[PDB]
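Only the coordinates and a few stated rules stand behind these numbers; no lab work does. Because the Cβ atoms are built from the backbone with ideal geometry, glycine has one as well, and the counts that use them run over all protein chains shown.
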């Protein structure tokens with residue numbers, strides 16, 4: 001049953017990666033991304049609709065644990081922001097679906113379905129904020145997290161990416 | 001062509017849209033589209049070539065090596081902004097050196113990833129109703145000095 005929960009979570013994490021790159025989550029794609037048999041996916045999720053509902057709950061659970069562990073409201077804002085960046089990078093493709101600023105590739109209706117908000121993060125950004133328009137910092141933050149996710153997907157070390165996002169946030173890239 | 005026109009318009013906001021939606025927006029039959037682009041990946045291919053050509057032509061026209069770098073950066077930003085989000089669509093879908101010039105301790109390729117992140121923020125703000133000149137200003141300042149302090 002420890003193995004069983006591991007299998008479930010592996011299928012859900014696999015489905016999230018597939019959905020990032022494909023409108024629909026075909027059974028072949030999901031089973032291959034999970035590294036389990038097609039019949040095993042069907043065992044856990046008879047219908048694709050059962051899988052989607054379970055995926056949304058899993059995404060919510062991951063995001064909830066991440067934000068609680070980041071503890072964005074306590075302590076020096078520089079350290080708090082770094083914990084936030086680290087926490088979101090570890091969520092992987094979830095950052096592509098954030099409601100306020102979805103990735104260009106995210107199916108808008110999938111983003112609406114997942115309904116992933118960002119108030120605690122908005123508040124940490126505010127704590128650290130010259131005269132940018134309403135919502136701009138929030139948009140840049142999520143665009144940069146998505147860039148960081150893609151960089152990691154493209155083979156770059158997580159530590160370098162976190163540092164890169166932090167410097168870009170505080171200093172930009174050119175002088 | 002009007003099919004690729006429709007594609008640019010449609011895919012920009014609905015990236016996972018189906019061939020039939022593109023046909024409708026172009027004013028051609030779903031029968032016609034599947035004839036010139038038998039698979040969705042075929043259409044994406046042609047669109048990407050075309051959009052890449054447009055993006056490259058825009059950057060070259062902006063002449064990033066000309067005049068003050070600040071003004072040059074703005075011309076580059078503006079020209080990509082005016083092309084719209086389809087520019088990112090073709091460049092991110094799982095299926096430019098000159099920018100590194102106008103830009104020149106970050107990991108390799110990171111600076112260009114940041115440029116395109118800021119463009120993404122810009123396309124989204126545009127959709128939200130934010131004025132074009134304001135968006136260009138925000139991108140420029142973000143590139144130069146980041147968005148937060150400390």
Qualifying helices (runs of 4 or more DSSP H) (wholly inside segment A:32-132; at least 3 residues being within 14 Å of another protein chain (Cβ to nearest Cβ)): A:77-89, A:108-114, A:119-127
The one condition in (1) surrounded by fewer than 20 Cβ atoms within 10 Å (Cβ to Cβ); (2) not in a helix (DSSP H, G or I) that residue A:167 fails to fulfil: (2)
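For residue B:149, state whether it is more than 7 Å from chain A (Cβ to nearest Cβ) and either assigned to a loop (DSSP other than H, G, I, E, B) or closer than 27 Å to residue B:16 by Cβ (or both). If you could, list the steps in order and put the result at the bottom.
Values: more than 7 Å from chain A (Cβ to nearest Cβ): no; either assigned to a loop (DSSP other than H, G, I, E, B) or closer than 27 Å to residue B:16 by Cβ (or both): yes.
The answer is no for residue B:149.
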Residue check for residue B:129: under 21 Å from residue A:148 (Cα atoms), more than 14 Å from the chain's Cα centre (by Cα) and surrounded by fewer than 17 Cβ atoms within 10 Å (Cβ to Cβ): no
Breaking point among (1) under 18 Å from residue B:114 (Cα atoms); (2) surrounded by 21 or more Cβ atoms within 10 Å (Cβ to Cβ), for residue A:89: (2)
Top-ranked residue in segment A:151-164 [being buried (at least 18 other Cβ atoms within 10 Å of the Cβ) and facing another protein chain (nearest Cβ under 7 Å); ranked as nearest to the chain's Cα centre (by Cα)]: A:151
Every residue from segment B:133-145 that is crowded, with 18+ Cβ neighbours inside 10 Å and within 7 Å of chain A (Cβ to nearest Cβ): B:138, B:142, B:143
